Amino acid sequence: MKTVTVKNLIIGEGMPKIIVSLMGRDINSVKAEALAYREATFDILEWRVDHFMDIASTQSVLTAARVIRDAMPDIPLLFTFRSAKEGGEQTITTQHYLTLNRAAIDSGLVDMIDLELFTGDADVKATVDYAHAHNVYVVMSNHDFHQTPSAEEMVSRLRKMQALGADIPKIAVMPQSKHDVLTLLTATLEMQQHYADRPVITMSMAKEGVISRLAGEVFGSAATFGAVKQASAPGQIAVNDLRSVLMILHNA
């Protein structure tokens, strides 16, 4: 397949990269969280913009993004507004969603953005090219917080994200049973073996799906989420614990 480099990282080769999500409600919050995250060990920092209360102000959004970037200038920064329909904290209009991501891209403060696939083909396609024209990489994502779609459905979604120009396709689903966890792992291998040409990230949420956060080096997920102090989705475990398990699997 292919690899993606941001800063001094290569995504899609080696051990799965560790992503942690920073969440703060207002500026002073972001600023405290940015100082404490500096002392943890992770590959990529994701800022969960949907927990921020000042999202109608571009000024506030970029001031929070600059406090983060200052604190951690050499870590790849992933800007993610996670909409309420896919598990996030807040609902915005589609226009407001696209204006926040463009602002992020033009600012120069962010290395990647997340774009939700079901936002609408034409809107996602136009933002992907705008991003690529500024050398911002696109993580395209999809989430099912109530169920696990069949393997077939999941591979099509992932392929749909590749057709639309995502640099890194991503899917997260909620298991209703232990077999749902094996369906996610099978769709991941299937994509990675027959269709992928770039790095792919996949995960099964909650307690049953934790194995899916630990086995991406076997089944083909390029990155995984850990928690520094709080979890941004059901199932993440502490980043030091997460990192021990990855190295054990990697050096086995």
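The first residue of the shown sequence is 1; numbering continues from there.
If you average the C-alpha B-factors over 6 to 14 and over 229 to 237, the higher value belongs to 229 to 237. Higher mean CA B-factor, judged across 79 to 87 and 149 to 157 from the recorded values: 149 to 157.
Highest C-alpha temperature factor among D43, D50, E217, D26 per the entry: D26. Per the PDB entry, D74 shows the highest C-alpha temperature factor of the residues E116, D74, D111, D106.
Ranked against the other modelled residues of its chain, the C-alpha B-factor of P169 as given in the entry falls in the lowest third. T202 sits in the lowest third of its chain by CA B factor, as recorded in the PDB entry. Sort the chain's modelled residues by C-alpha temperature factor and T58 lands in the middle third, per the entry. Compared with the other modelled residues of the chain, the Cα B-factor recorded for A163 ranks in the highest third.
The deposited CA B-factor of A34 belongs to the middle third of values across its chain.
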